[PDB]
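Asker: One structure, pasted below without further comment.
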Amino acid sequence: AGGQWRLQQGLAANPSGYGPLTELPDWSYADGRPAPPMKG
Amino acid sequence: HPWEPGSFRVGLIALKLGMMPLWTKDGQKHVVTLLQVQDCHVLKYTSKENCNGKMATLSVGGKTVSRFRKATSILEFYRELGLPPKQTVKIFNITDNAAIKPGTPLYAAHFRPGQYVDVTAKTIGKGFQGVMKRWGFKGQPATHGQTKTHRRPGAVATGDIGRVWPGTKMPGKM
Amino acid sequence: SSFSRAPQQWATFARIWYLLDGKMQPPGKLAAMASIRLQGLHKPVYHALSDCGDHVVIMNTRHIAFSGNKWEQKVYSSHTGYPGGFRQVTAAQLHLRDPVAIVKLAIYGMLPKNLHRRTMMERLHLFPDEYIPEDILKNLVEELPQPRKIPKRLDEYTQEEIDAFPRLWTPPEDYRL
Amino acid sequence: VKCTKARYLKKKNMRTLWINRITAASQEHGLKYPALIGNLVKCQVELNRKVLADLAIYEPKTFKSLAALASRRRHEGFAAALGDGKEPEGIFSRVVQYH
Amino acid sequence: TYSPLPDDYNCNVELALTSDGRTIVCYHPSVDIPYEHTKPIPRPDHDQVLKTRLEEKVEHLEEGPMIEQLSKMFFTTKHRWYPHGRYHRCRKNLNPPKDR
Amino acid sequence: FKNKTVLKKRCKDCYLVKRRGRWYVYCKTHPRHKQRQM
Amino acid sequence: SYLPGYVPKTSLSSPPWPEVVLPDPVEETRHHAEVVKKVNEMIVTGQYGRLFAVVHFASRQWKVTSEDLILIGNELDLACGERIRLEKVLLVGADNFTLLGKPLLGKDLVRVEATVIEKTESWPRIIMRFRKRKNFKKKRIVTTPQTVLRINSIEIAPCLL
Amino acid sequence: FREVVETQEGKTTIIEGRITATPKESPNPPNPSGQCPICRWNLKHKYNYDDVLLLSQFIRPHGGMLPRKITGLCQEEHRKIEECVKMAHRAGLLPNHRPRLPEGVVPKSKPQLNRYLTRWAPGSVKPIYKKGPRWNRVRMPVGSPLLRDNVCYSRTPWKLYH
RNA sequence: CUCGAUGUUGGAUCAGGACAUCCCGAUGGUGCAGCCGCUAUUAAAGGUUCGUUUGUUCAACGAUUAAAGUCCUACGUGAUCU
Ligand code: FES
Ligand SMILES: [K+]
Ligand SMILES: [Mg+2]
Ligand SMILES: [Mg+2]
Ligand SMILES: [Mg+2]
Ligand SMILES: [Mg+2]
Ligand SMILES: [Mg+2]
Ligand SMILES: [Mg+2]
């Protein structure tokens, strides 16, 4: 399910692991203000 | 049409009158059954195509009965044929060259001496019967200790299977 | 799609009629294709409870080809229930007795073993030869490609095809052959 | 107890339904399910199975495009495997690096 | 002339990457059914002095024959068409939730 | 015939043939040599 | 006229699949720029109607469109009525084109806004264990905090180059 | 090739032999160093029972195989081409290389059973009445183990037992 | 496994199954002339006696028979009997 290919690219085998898809904030205030950091 | 090998003609409906002896020149006695042909007519023709079987059929009817005791659809059929209703109707598989126009009378001389016939009827109804009369089971001894067991089936299967096989001979309508 | 709701619902869940040609086809690959369609497993709206199976018509079931020796080795077993009622027939004996049985038995075994299976059997239409009832013919929408490529007999190659292939060896001039 | 343990089945069966629907949707474009799922990952598209099945039902012009993209990447894999590394990577094979 | 998929049924797909290589652009206009791939709509299907009557074909069947007729017409088994008892009839939700 | 797991020619007219999917020994000189593969 | 590795035509002489010829990269990169320009023009001219997007929110992916409701399975620490931006967009699609992130689309390209319209808790959910013959039985009831978001708007900007 | 004709005239028989046209190997084999016709044309592991354009070159007019010394085939490829021609006959693919029929005998009709990849002679196989357990399952052979080394373009190898 | 019970050896009754075949069918070998045998391959559709004696299964004996098969079925079957 893509685990070995992501590893060949220096990515985590699981796309839930490190990287922008998981580590970037989920949302921001519509006005621009940043959200507080997510618990995880 | 003329007769050809492989050709199958119609039969009759007759009434069983009774039994009678006859003797052959050899002195041997044979019993015979008298079958009276009572108002036998052809009723219906079904082409080989519409019969759904490999042969055409010719429906024949036996004994005149009361128009007062027959269903309307049956009365409607006989009115169109122009005959009184028959008690029994039977289907005969014929070859195409043996078809007869419905309404045609059938007689005893349709058959001739020396020929062989198959006769089909319903057997004498004996009602619910035990295994001795129905299947020829031996039953059990009359004396020597037997407790309430003289005409019974005995065992009906083995212990292992835990059931009774389909088709097992048992008391029932005979 | 900007359809109204009912016509939208009608189109999405409609029954399609497929044609499949069984000539020279292994009955199991015919069965595998039909089983998907009878279930609706080919539809992205598939659900087991949505009753989204299709109609499959298969012609030329008399002209199926088994691979190997299965015509002689494959046995169909049954029991009448009565003592002595176990019956076993080869695929060949069964085929000559009933020319849709083998395809019917292959499909039936591939469908889910639940109560929807006999309903999916009512949307299956098996015909041993090229003849199909006209009412069935007018229902058809799409013919499925045959799952097995029929190889050409030597007599069916064009002279260009024969000429294209090279002669691999020289036979001695003095060999009787 | 059945209601407690049924939470594990509910998740497992939803995935099989999504896969079944995606397999249906891929076959309409001549793809097998692994060819679609495997190659989308190689394009750095992380759409999961629930979304892909939703697209297959409700956005079929998009789903066909996702099918074409995955089919395109698969052909780039075949071309790459035939090469000895001398030839450059395919257009859709290039990976965006993050740091 | 290379096409990843055929372009003759659902939409004409065109895949492209942006100059930066970070966005895949998919152009997919729908394909219309050509006129020539269509059929015309099927239009084709006395001395009477009496008002043509409705020839109402009021025909009644018994359950057996009726269920055989419904099973064939709709290509089901017979089992759907038999009734259910009060217990199951009274359990069905007659005001089910409706989503859109 | 005698059924045999190992077929052995007993003479010089005893010949080995496979028929009906199994090996046989047929001998026209000494018919008592006929064997069937078991 | 036979190469050293020539094989006459048989069933196995060549692979069963057809031969595929990929486009020349120089022409395709030019062809790509025309497609992107064509799609960028549709955005400038507003040649699109309703948009849908796929957003990554609260661990999962949501295919969303304007006016949609989504039920978030946790508290969000936002007041009811607060408007936020959804920042992880994987895909925005229209009738005639779709934009795909690798894995996420740029913020300059697409904008998704949602509104908190309810903060509630789920219905009670039973947690019961049982092991037979062990006098092992326990019951627990939980309610999960939830947030309902309404998707207000999906906006795309002609930032394709 | 060489023929033999027997003509009886006036109670006298004359048996002669004539040399007919002979085919010749196509020029420029892609691998002249190959030993047998197969390896000379890069054909090893690349033909099947249905490749009759190849198989028909190694059989007699009545469907029989030709000797190895005459064709030049390796012992190995001879066995592959031999099995392949047996299967091609049973598949109905050689409808002209049929057994010679003496005295214009008209065979009684047989049931048509289409088949392919038939390893055993049809009359020589018994029904599998007891299939056995899953761990000792009596299988049905499909194809020939002589062709196991054929080039496989799928990731799954040929299944020779069904 | 069953001791908060799975009671019964032989017989009666009704028999289901295996085939390692007693008889009937089709074969091969024979130290098979023939008549009988012996041995093997195939065959389980059909059949396979009545008595004296012993509680007996087992056996012996008297008469037969195409033959009086070997086995399994909770040592088949006792909410059917003895
Ligand atoms: S194939 Fe080369 S020696 Fe036979
Ligand atoms: K006890
Ligand atoms: Mg008595
Ligand atoms: Mg008493
Ligand atoms: Mg008494
Ligand atoms: Mg108790
Ligand atoms: Mg018995
Ligand atoms: Mg006992």
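Ordered as shown in the structure tokens, chains take letters A, B, and onward, while each chain numbers its residues from 1 and ligands are numbered from 1 in the order shown.
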Got a sec to check which residues lie within 10 Å of ligand 5, using only C-alpha atoms (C1' of nucleotides) and all ligand atoms, and send them as a ChimeraX atom specification?
Answerer: /B:140-151
Asker: Could you turn the residues from that selection into a file that holds C-alpha atoms, as a PDB file, in the first residue's frame?
Answerer:
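Output contents, as saved in selection_21.pdb:
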```pdb
ATOM      1  CA  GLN B 140     -43.222 -60.432  14.971  1.00  0.00           C
ATOM      2  CA  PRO B 141     -44.012 -63.766  16.661  1.00  0.00           C
ATOM      3  CA  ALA B 142     -47.505 -64.332  18.004  1.00  0.00           C
ATOM      4  CA  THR B 143     -46.417 -65.742  21.380  1.00  0.00           C
ATOM      5  CA  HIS B 144     -43.143 -66.394  23.234  1.00  0.00           C
ATOM      6  CA  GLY B 145     -43.198 -63.176  25.232  1.00  0.00           C
ATOM      7  CA  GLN B 146     -44.001 -60.559  22.585  1.00  0.00           C
ATOM      8  CA  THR B 147     -45.250 -57.347  24.225  1.00  0.00           C
ATOM      9  CA  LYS B 148     -47.684 -55.298  22.103  1.00  0.00           C
ATOM     10  CA  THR B 149     -45.573 -55.970  19.014  1.00  0.00           C
ATOM     11  CA  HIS B 150     -47.033 -58.269  16.354  1.00  0.00           C
ATOM     12  CA  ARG B 151     -47.524 -56.061  13.261  1.00  0.00           C
TER      13      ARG B 151
END
```
Asker: Do a neighbour search on residue 137 in chain C at 10 Å with only C-alpha atoms (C1' of nucleotides), toss out local chain neighbours closer than 3 positions, and write the hits as a ChimeraX atom specification.
Answerer: /C:17,19,57,131-134,140-141
Asker: Around ligand 1, which protein and nucleic acid residues have at least one atom no more than 8 Å from it, if we count only C-alpha atoms (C1' of nucleotides) and all ligand atoms? List them as a list in words.
Answerer: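 Using only C-alpha atoms (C1' of nucleotides) and all ligand atoms, everything at most 8 Å from ligand 1 comes to residues 34, 35, 36, 37, 38, 39, 40, 43, 44, 73, 74, 75, 76, 77 and 78 of chain H.
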Asker: Please provide as a PyMOL selection string all residues within 8 Å of residue 91 in chain C, with the sequence filter that same-chain residues fewer than 3 positions apart are discarded (counting only C-alpha atoms (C1' of nucleotides)).
Answerer: chain C and resi 70-76+94-95+102
Asker: I need the chain C residues near chain H as number ranges by chain; criterion: at most 8 Å, counting only C-alpha atoms.
Answerer: C: 24, 63-75, 88, 90, 92, 96, 151-155, 162, 165-177
Asker: Contacts between chain C and chain I, please, where a residue of chain I counts if it comes within 12 Å (with only C-alpha atoms (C1' of nucleotides)); show its shortest atom pair and distance in Å to one decimal, rows by chain and ascending number, as a Markdown table.
Answerer:
```
| residue | atom | partner | partner_atom | distance |
| --- | --- | --- | --- | --- |
| I:15 | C1' | C:83 | CA | 11.4 |
| I:16 | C1' | C:83 | CA | 6.9 |
| I:17 | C1' | C:84 | CA | 9.1 |
| I:44 | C1' | C:84 | CA | 10.9 |
| I:45 | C1' | C:84 | CA | 10.6 |
```
Asker: Could you work out how far CA of residue 150 in chain C lies from CA of residue 78 in chain D, giving the answer in Å with one decimal?
Answerer: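 Calculated distance between CA of residue 78 in chain D and CA of residue 150 in chain C is 28.3 Å.
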Asker: Quick one: residues within 10 Å of residue 92 in chain G, only C-alpha atoms (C1' of nucleotides) counted, chain neighbours fewer than 5 positions away excluded, as number ranges by chain?
Answerer: D: 62; G: 51-55, 63-65, 97-101, 105, 109-112, 154-156
Asker: With a cut-off of 7 Å and counting only C-alpha atoms (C1' of nucleotides), select all residues of chain F in contact with chain I and give the selection as a list in words.
Answerer: residues 1, 2 and 32 of chain F
Asker: Any chance you can output those residues with N, CA and C atoms as an mmCIF file, in the first residue's frame?
Answerer:
```cif
data_model
loop_
_atom_site.group_PDB
_atom_site.id
_atom_site.type_symbol
_atom_site.label_atom_id
_atom_site.label_comp_id
_atom_site.auth_asym_id
_atom_site.auth_seq_id
_atom_site.Cartn_x
_atom_site.Cartn_y
_atom_site.Cartn_z
ATOM 1 N N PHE F 1 -2.462 -61.695 -17.193
ATOM 2 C CA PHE F 1 -1.645 -60.666 -16.564
ATOM 3 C C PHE F 1 -1.461 -60.903 -15.083
ATOM 4 N N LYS F 2 -0.317 -60.484 -14.557
ATOM 5 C CA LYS F 2 -0.125 -60.340 -13.123
ATOM 6 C C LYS F 2 0.179 -58.878 -12.840
ATOM 7 N N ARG F 32 2.679 -66.223 -20.291
ATOM 8 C CA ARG F 32 2.735 -66.151 -18.840
ATOM 9 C C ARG F 32 3.593 -64.996 -18.348
#
```
Asker: Pick out the residues no farther than 10 Å from ligand 6, counting only C-alpha atoms (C1' of nucleotides) and all ligand atoms, and list them as a PyMOL selection string.
Answerer: chain I and resi 2+4-5
Asker: Put those residues in a file: C-alpha atoms (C1' of nucleotides), as a PDB file, in the first residue's frame.
Answerer:
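Writing the result to result.pdb gives the following:
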```pdb
ATOM      1  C1'   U I   2     -20.533 -39.313  29.678  1.00  0.00           C
ATOM      2  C1'   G I   4     -27.639 -35.336  39.005  1.00  0.00           C
ATOM      3  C1'   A I   5     -27.302 -43.331  34.174  1.00  0.00           C
TER       4        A I   5
END
```
Asker: Which polymer residues have any atom within 12 Å of an atom of residue 34 in chain E, counting only C-alpha atoms (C1' of nucleotides), with same-chain residues fewer than 3 positions away left out, as a PDB file with N, CA, C and O atoms, in the first residue's frame?
Answerer:
```pdb
ATOM      1  N   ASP E   8     -13.286   8.566 -25.583  1.00  0.00           N
ATOM      2  CA  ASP E   8     -14.494   8.485 -26.389  1.00  0.00           C
ATOM      3  C   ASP E   8     -15.746   8.091 -25.622  1.00  0.00           C
ATOM      4  O   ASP E   8     -16.771   7.848 -26.263  1.00  0.00           O
ATOM      5  N   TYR E   9     -15.711   7.994 -24.295  1.00  0.00           N
ATOM      6  CA  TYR E   9     -16.914   7.639 -23.554  1.00  0.00           C
ATOM      7  C   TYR E   9     -17.299   8.683 -22.514  1.00  0.00           C
ATOM      8  O   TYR E   9     -18.397   9.241 -22.603  1.00  0.00           O
ATOM      9  N   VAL E  31     -17.734  14.415 -23.171  1.00  0.00           N
ATOM     10  CA  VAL E  31     -17.965  14.073 -24.569  1.00  0.00           C
ATOM     11  C   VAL E  31     -19.459  13.899 -24.773  1.00  0.00           C
ATOM     12  O   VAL E  31     -20.138  13.256 -23.965  1.00  0.00           O
ATOM     13  N   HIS E  37     -24.913   8.448 -33.687  1.00  0.00           N
ATOM     14  CA  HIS E  37     -24.906   7.296 -32.802  1.00  0.00           C
ATOM     15  C   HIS E  37     -26.234   7.122 -32.084  1.00  0.00           C
ATOM     16  O   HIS E  37     -26.294   6.440 -31.059  1.00  0.00           O
ATOM     17  N   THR E  38     -27.294   7.727 -32.605  1.00  0.00           N
ATOM     18  CA  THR E  38     -28.608   7.696 -31.996  1.00  0.00           C
ATOM     19  C   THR E  38     -29.611   7.058 -32.944  1.00  0.00           C
ATOM     20  O   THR E  38     -29.400   6.983 -34.155  1.00  0.00           O
ATOM     21  N   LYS E  39     -30.698   6.594 -32.369  1.00  0.00           N
ATOM     22  CA  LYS E  39     -31.825   6.039 -33.083  1.00  0.00           C
ATOM     23  C   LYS E  39     -32.999   7.007 -33.031  1.00  0.00           C
ATOM     24  O   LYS E  39     -33.113   7.797 -32.091  1.00  0.00           O
TER      25      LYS E  39
END
```
Asker: Give me the residues near residue 19 in chain A as a list in words, where near means some atom within 12 Å (using only C-alpha atoms (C1' of nucleotides)) and where sequence neighbours in that chain fewer than 3 positions away do not count.
Answerer: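 Contacts, with the query itself left out: residues 6, 10, 11, 12, 13, 14, 15, 16, 22, 23, 24 and 25 of chain A; 97, 98 and 99 of chain D; 103 and 104 of chain G.
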Asker: Next, write the just-selected residues to a file, as a JSON list (two decimals), in the first residue's frame, keeping C-alpha atoms as the atom set.
Answerer:
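Final output, saved to out09.json:
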```json
[["chain", "number", "residue", "atom", "x", "y", "z"],
["A", 6, "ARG", "CA", 7.60, 6.22, 0.29],
["A", 10, "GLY", "CA", 13.07, 9.23, 2.31],
["A", 11, "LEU", "CA", 9.46, 9.55, 3.44],
["A", 12, "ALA", "CA", 7.73, 7.78, 6.27],
["A", 13, "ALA", "CA", 6.21, 4.48, 5.20],
["A", 14, "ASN", "CA", 2.92, 5.81, 6.55],
["A", 15, "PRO", "CA", 1.71, 9.14, 5.11],
["A", 16, "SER", "CA", 0.29, 9.78, 8.58],
["A", 22, "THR", "CA", 0.29, 15.72, 9.12],
["A", 23, "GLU", "CA", 2.46, 18.40, 10.71],
["A", 24, "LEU", "CA", 1.02, 21.52, 9.12],
["A", 25, "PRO", "CA", -1.91, 23.14, 10.95],
["D", 97, "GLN", "CA", 10.96, 17.05, -1.99],
["D", 98, "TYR", "CA", 10.11, 18.55, 1.38],
["D", 99, "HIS", "CA", 12.49, 19.62, 4.11],
["G", 103, "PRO", "CA", 0.01, 16.10, -1.73],
["G", 104, "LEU", "CA", -1.46, 19.52, -0.84]]
```
Asker: For a quick test of understanding: name the residues of chain B lying within 9 Å of chain C when counting only C-alpha atoms, and present them as a list in words.
Answerer: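 Here is what falls inside 9 Å: residues 165, 166, 167 and 168 of chain B.
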Asker: Would you mind exporting the chosen residues as a PDB file, in the first residue's frame, restricted to C-alpha atoms?
Answerer:
```
ATOM      1  CA  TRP B 165     -33.693 -42.260   4.965  1.00  0.00           C
ATOM      2  CA  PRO B 166     -36.072 -40.780   2.380  1.00  0.00           C
ATOM      3  CA  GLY B 167     -38.071 -43.580   0.815  1.00  0.00           C
ATOM      4  CA  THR B 168     -38.205 -45.721   3.975  1.00  0.00           C
TER       5      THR B 168
END
```
Asker: Calculate how many Å separate CA of residue 16 in chain C from CA of residue 139 in chain C, rounding to one decimal.
Answerer: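 Distance reported for this atom pair: 8.2 Å.
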Asker: Just how far from CA of residue 51 in chain D is CA of residue 115 in chain G, in Å to one decimal?
Answerer: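 Result for CA of residue 115 in chain G versus CA of residue 51 in chain D: 22.0 Å, one decimal.
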Asker: Only residues of chain G matter here; which ones have an atom within 6 Å of chain H, counting only C-alpha atoms? Give them as a PyMOL selection string.
Answerer: chain G and resi 2-4+6-7+12-13
Asker: Would you save the residues of that selection, restricted to N, CA and C atoms, as a PDB file, in the first residue's frame?
Answerer:
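part07.pdb, written as the output of this step:
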```pdb
ATOM      1  N   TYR G   2      17.488  -9.742 -40.624  1.00  0.00           N
ATOM      2  CA  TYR G   2      17.179 -10.283 -39.306  1.00  0.00           C
ATOM      3  C   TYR G   2      18.238  -9.802 -38.328  1.00  0.00           C
ATOM      4  N   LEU G   3      17.803  -9.089 -37.293  1.00  0.00           N
ATOM      5  CA  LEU G   3      18.721  -8.587 -36.291  1.00  0.00           C
ATOM      6  C   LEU G   3      19.264  -9.740 -35.454  1.00  0.00           C
ATOM      7  N   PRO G   4      20.341  -9.505 -34.701  1.00  0.00           N
ATOM      8  CA  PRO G   4      20.891 -10.586 -33.868  1.00  0.00           C
ATOM      9  C   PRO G   4      19.893 -11.149 -32.873  1.00  0.00           C
ATOM     10  N   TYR G   6      16.537 -11.134 -33.297  1.00  0.00           N
ATOM     11  CA  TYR G   6      15.244 -11.273 -33.950  1.00  0.00           C
ATOM     12  C   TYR G   6      14.580 -12.583 -33.553  1.00  0.00           C
ATOM     13  N   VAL G   7      13.272 -12.525 -33.304  1.00  0.00           N
ATOM     14  CA  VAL G   7      12.480 -13.697 -32.967  1.00  0.00           C
ATOM     15  C   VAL G   7      11.262 -13.726 -33.883  1.00  0.00           C
ATOM     16  N   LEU G  12       4.486 -16.367 -27.910  1.00  0.00           N
ATOM     17  CA  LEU G  12       5.311 -15.904 -26.802  1.00  0.00           C
ATOM     18  C   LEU G  12       6.515 -15.100 -27.272  1.00  0.00           C
ATOM     19  N   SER G  13       6.601 -14.782 -28.562  1.00  0.00           N
ATOM     20  CA  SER G  13       7.757 -14.044 -29.057  1.00  0.00           C
ATOM     21  C   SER G  13       7.824 -12.650 -28.447  1.00  0.00           C
TER      22      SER G  13
END
```
Asker: Among range 6-123 of chain H, which ones does DSSP place in strand (DSSP E), written as a PyMOL selection string?
Answerer: chain H and resi 6-8+13-19+114-116
Asker: With N, CA, C and O atoms retained, write the just-selected residues as a JSON list (two decimals), in the first residue's frame.
Answerer:
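Full text of again-v9.json as output:
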```
[["chain", "number", "residue", "atom", "x", "y", "z"],
["H", 6, "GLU", "N", 3.54, -46.96, -57.03],
["H", 6, "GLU", "CA", 3.40, -48.34, -57.48],
["H", 6, "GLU", "C", 2.30, -48.39, -58.53],
["H", 6, "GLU", "O", 1.13, -48.21, -58.21],
["H", 7, "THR", "N", 2.68, -48.64, -59.78],
["H", 7, "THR", "CA", 1.74, -48.71, -60.89],
["H", 7, "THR", "C", 1.73, -50.13, -61.43],
["H", 7, "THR", "O", 2.78, -50.67, -61.80],
["H", 8, "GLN", "N", 0.54, -50.74, -61.48],
["H", 8, "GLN", "CA", 0.38, -52.10, -61.97],
["H", 8, "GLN", "C", -0.23, -52.05, -63.36],
["H", 8, "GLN", "O", -1.36, -51.59, -63.54],
["H", 13, "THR", "N", 3.93, -54.91, -61.88],
["H", 13, "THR", "CA", 3.99, -53.80, -60.95],
["H", 13, "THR", "C", 5.36, -53.14, -61.02],
["H", 13, "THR", "O", 6.38, -53.83, -61.06],
["H", 14, "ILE", "N", 5.37, -51.81, -61.03],
["H", 14, "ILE", "CA", 6.60, -51.02, -61.11],
["H", 14, "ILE", "C", 6.61, -50.06, -59.93],
["H", 14, "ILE", "O", 5.75, -49.18, -59.83],
["H", 15, "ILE", "N", 7.59, -50.22, -59.04],
["H", 15, "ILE", "CA", 7.73, -49.39, -57.85],
["H", 15, "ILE", "C", 8.94, -48.49, -58.04],
["H", 15, "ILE", "O", 10.08, -48.98, -58.12],
["H", 16, "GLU", "N", 8.71, -47.18, -58.07],
["H", 16, "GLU", "CA", 9.76, -46.20, -58.35],
["H", 16, "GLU", "C", 9.75, -45.14, -57.26],
["H", 16, "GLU", "O", 8.86, -45.08, -56.41],
["H", 17, "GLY", "N", 10.78, -44.29, -57.29],
["H", 17, "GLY", "CA", 10.88, -43.19, -56.36],
["H", 17, "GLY", "C", 11.28, -41.90, -57.04],
["H", 17, "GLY", "O", 12.25, -41.86, -57.79],
["H", 18, "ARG", "N", 10.53, -40.82, -56.77],
["H", 18, "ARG", "CA", 10.76, -39.53, -57.38],
["H", 18, "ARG", "C", 11.15, -38.52, -56.32],
["H", 18, "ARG", "O", 10.71, -38.61, -55.17],
["H", 19, "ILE", "N", 11.97, -37.55, -56.70],
["H", 19, "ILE", "CA", 12.39, -36.47, -55.82],
["H", 19, "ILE", "C", 11.54, -35.24, -56.13],
["H", 19, "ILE", "O", 11.59, -34.70, -57.24],
["H", 114, "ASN", "N", -14.84, -29.53, -27.28],
["H", 114, "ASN", "CA", -13.70, -28.63, -27.43],
["H", 114, "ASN", "C", -12.77, -28.75, -26.24],
["H", 114, "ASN", "O", -13.21, -28.90, -25.09],
["H", 115, "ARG", "N", -11.48, -28.69, -26.50],
["H", 115, "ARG", "CA", -10.48, -28.81, -25.46],
["H", 115, "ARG", "C", -9.22, -28.11, -25.92],
["H", 115, "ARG", "O", -9.02, -27.84, -27.10],
["H", 116, "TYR", "N", -8.37, -27.79, -24.95],
["H", 116, "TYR", "CA", -7.07, -27.21, -25.23],
["H", 116, "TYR", "C", -6.14, -27.61, -24.10],
["H", 116, "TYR", "O", -6.58, -28.01, -23.02]]
```
Asker: Fewer than 6 positions away in the same chain doesn't count, so skip those; otherwise give me all residues within 6 Å of range 9-25 of chain F, counting only C-alpha atoms (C1' of nucleotides), as a list in words.
Answerer: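 Contacts, with the query itself left out: residues 34, 35, 36 and 37 of chain F; 124 of chain H.
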